[PDB]
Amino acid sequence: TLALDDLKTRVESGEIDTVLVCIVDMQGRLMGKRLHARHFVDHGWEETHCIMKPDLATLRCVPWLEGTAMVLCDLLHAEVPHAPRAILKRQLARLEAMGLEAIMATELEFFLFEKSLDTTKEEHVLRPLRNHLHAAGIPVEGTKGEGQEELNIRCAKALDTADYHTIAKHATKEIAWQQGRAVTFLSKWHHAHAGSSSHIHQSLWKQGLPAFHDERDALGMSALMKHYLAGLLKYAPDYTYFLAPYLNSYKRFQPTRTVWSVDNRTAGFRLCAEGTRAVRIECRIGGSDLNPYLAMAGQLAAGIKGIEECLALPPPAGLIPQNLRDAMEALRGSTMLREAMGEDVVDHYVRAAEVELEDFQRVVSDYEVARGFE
């Protein structure tokens, strides 16, 4: 990350002239304004409207853009509750009031199309992606080909991980564009091809130790981790919507069973690195269309309250909402998320799901037409 005073040298030098002052919307997108950096260092970092308060800890250079830097903001006379960033921070603050620090990672998938939007060949997008992100302070492990690719970023404090996921989403679209190539984070862009997921690894820490670990434990799972996983499991449909916010999200489901497992393909929750310090939980429910903040904040809610009831952990080996109408309702009736996040926030994202279904009633798809000549 980039010191404010450091920015101000880069501005007077004339190396940086743009600061993207962003928040993150429901869709998971960077939204905001593009300030002339002189204005930003003089009164723009203070506050601007749309109110956005820049968080100078989030200030980065943006190597895949000339003269350009960015900062993420808190949206405000207090913090607006249904802002995804704010929603994730709230859960995390619960966690720290218990001495617990969440540590998280995202296996972000996408599709590289050969045409513009209008090994060597892949790397013309992937290599800059890796290199520029790394040069933005984001801890890139690398790329793995699943034209379906995947970006590995080293785990981090959950709020870091969310920012990274977001920024890397952004960088990929931009770098692909500049490379004349399309990229989509669609969970299912076609029937014939694989779904793109966003697997989410999680673990809790306390003052430095892996709270999820009992060296004692049969496979390495401590008391608290079991309560945690049991919560994720109990409330998987409550927050299915934050994993699967669009119509198209449910077509990846052709990894949806409310079970945990260390070997299964059907379990919505894989157990990784059994036996070790790096013991953690993998949620495989989300596709790559998801909002990181919300998906993270949703599970932490379920994980926290799994602990606060000392809920018991069933053996490894019902179903999550199979569509968006069901998932929306499952959120509406989520008295868990209601208390965890607030009645107003839940109602807000319920309405968000409502608008998404209604948006469908107002366009006539190609599939209707084709199937409609009988």
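All residue numbers are counted from 1 along the displayed sequence.
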property	result
Continuity check for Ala194 and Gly195, given as deposited residues lacking coordinates between them	none
Chain break class at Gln207/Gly208 - deposited residues not modelled	none
Mean C-alpha B-factor comparison - 351 to 359 and 15 to 23, higher one	351 to 359
Per the entry, higher mean C-alpha B factor between 60 to 68 and 341 to 349	341 to 349
Highest recorded Cα temperature factor - choice among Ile103, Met225, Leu300, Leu112	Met225
Criterion, highest CA B-factor; candidates, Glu282, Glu150, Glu274, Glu122	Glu274
Cα B factor band for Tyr235 (lowest, middle or highest third within the chain)	highest
Cα B factor band for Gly333 (lowest, middle or highest third within the chain)	middle
Chain-relative CA temperature factor third for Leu324	middle
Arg29 - which third its CA temperature factor falls in, relative to the rest of the chain	lowest
Chain thirds of CA B-factor: placement of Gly99	highest
